[PDB]
Structures are given as structure tokens and as C-alpha cells.
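Undergrad: Sharing a structure with you now.
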Amino acid sequence: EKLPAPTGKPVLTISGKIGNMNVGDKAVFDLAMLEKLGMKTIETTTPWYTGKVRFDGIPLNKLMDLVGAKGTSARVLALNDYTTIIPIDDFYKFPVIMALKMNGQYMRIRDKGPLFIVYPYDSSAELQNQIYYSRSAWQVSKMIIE
Ligand SMILES: Nc1nc2ncc([C@H](O)[C@H](O)CO)nc2c(=O)[nH]1
Ligand SMILES: [Cl-]
Ligand SMILES: [Cl-]
Ligand SMILES: [Cl-]
Ligand SMILES: [Cl-]
Ligand SMILES: [Cl-]
């Protein structure tokens, strides 16, 4: 089905090698649109917090299927200047999510919110390294499929 236009203010903008766009050559999502997609939880320890933290968000695998991603990598840009490149295969290899809530509460824009890419770190020794930590971009605003 076609992808609708955002009614609310945009929180995420996907562009690049995508097949489904709603605003020009881009897939723009308001918070409401993101929540229409199924949610998944990740309960894991992290190098940013003490103990386990509960992350609720949308799996990036279904997010890629929704925009019809046809690239190999994803250039993730933070609200300011942070940049990270994630191989799309990570989304199919791992149940990575785009977190919206942390401990059942929306993330504050001042902290990691509104969007935060999280991997299930404690689920695999392989995920316990800087590679995956560096790709866990917070305050996400744009995604470019390359
Ligand atoms: N927005 C944003 N997200 C980030 N996600 C992960 C990491 C890494 O843990 C390291 O700090 C840098 O690779 N740094 C950042 C960062 O600076 N900014
Ligand atoms: Cl809004
Ligand atoms: Cl909204
Ligand atoms: Cl769904
Ligand atoms: Cl390609
Ligand atoms: Cl292992």
C-alpha cells in the first residue's frame, strides 16, 4: 500500500535508495506514523546506563520493508552532527530496533530521545563491542539508504 503524508511534526526522515516515499524523494515519519508499526522490546545492559534497561521501539527490519530499502548500508545522522554507518544486513541479522521509549517512558529530546537505535547487546558476545555501540546512534533524525 502507498505511504501517507505526516500530519504531526517529522521525527524521522529516510531517503536515498528507497521505493516508498511520501514527501518528494523521501519517507518522512511523524511520531504517530512510527507507532502504527508493531513494537518490540529490548531488555539489555548498556555502556551508557547501569544495569538492564527496557527499550521499546520498531524493528528496523520492518522499517526497511516499509520504505522499500534497496541499499547495502544506512547513513544515520543525529539531530546535531553525530554520524554512523550501519550495514542494512545488521537489521536482518539482528533484531535491532528504533527505540521510542526507555523504561516505558518516551525519551526526552535532551537525553537520547526522540529516537535511539539499540541492539540486543547482552544477547550476544559479538554485539558487545564498540562497533555496535558506535552504530547505536541516539537523537536520530535522518537516515540515508546507500
Ligand atoms: N547521537 C549520538 N549517538 C551516539 N551513539 C553512540 C555513540 C558511541 O557510543 C560513541 O560515543 C562514539 O562512537 N556516540 C554517539 C554520539 O556521539 N551521538
Ligand atoms: Cl505532533
Ligand atoms: Cl505525531
Ligand atoms: Cl505491524
Ligand atoms: Cl545497491
Ligand atoms: Cl555468543
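All residue names refer to the C-alpha cells as shown: chains lettered A, B, ... in order, residues numbered from 1 in each chain, ligands numbered from 1 in order.
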Check every protein, DNA and RNA residue against ligand 6, keep those with an atom at most 9 Å away (counting only C-alpha atoms and all ligand atoms), and present them as number ranges by chain.
TA: A: 123-127
Undergrad: Can you list, as a list in words, every protein, DNA or RNA residue that comes within 6 Å of region 62-72 of chain A when you count only C-alpha atoms, leaving out same-chain residues fewer than 2 positions away?
TA: residues 17, 18, 19, 20, 59, 60, 87, 88, 145 and 146 of chain A
Undergrad: Please identify every polymer residue within 9 Å of ligand 4, using only C-alpha atoms and all ligand atoms, and present the set as a PDB file with C-alpha atoms, in the first residue's frame.
TA:
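out-v9.pdb written:
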ATOM      1  CA  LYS A  36       1.361   2.399  13.764  1.00  0.00           C
ATOM      2  CA  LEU A  37       4.112  -0.169  13.200  1.00  0.00           C
ATOM      3  CA  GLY A  38       4.402  -3.083  15.638  1.00  0.00           C
ATOM      4  CA  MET A  39       6.600  -2.560  18.704  1.00  0.00           C
ATOM      5  CA  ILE A  58      10.080  -0.519  15.994  1.00  0.00           C
ATOM      6  CA  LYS A  62      10.176  -3.853   9.125  1.00  0.00           C
TER       7      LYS A  62
END
Undergrad: To one decimal place, how far is CA of residue 132 (chain A) from atom 15 (C, counted along the ligand's line) of ligand 1 in Å?
TA: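 Spanning CA of residue 132 (chain A) to atom 15 (C, counted along the ligand's line) of ligand 1 is a straight-line distance of 10.9 Å.
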Undergrad: May I ask which of the residues A:5, A:34, A:100, A:78 is the closest one to residue 21 (chain A), counting only C-alpha atoms?
TA: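 Closest residue, counting only C-alpha atoms: A:5.
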Undergrad: May I have the residues within 8 Å of ligand 1, computed using only C-alpha atoms and all ligand atoms, as a PyMOL selection string?
TA: chain A and resi 47-48+77-84+112+116+130-131+133-140
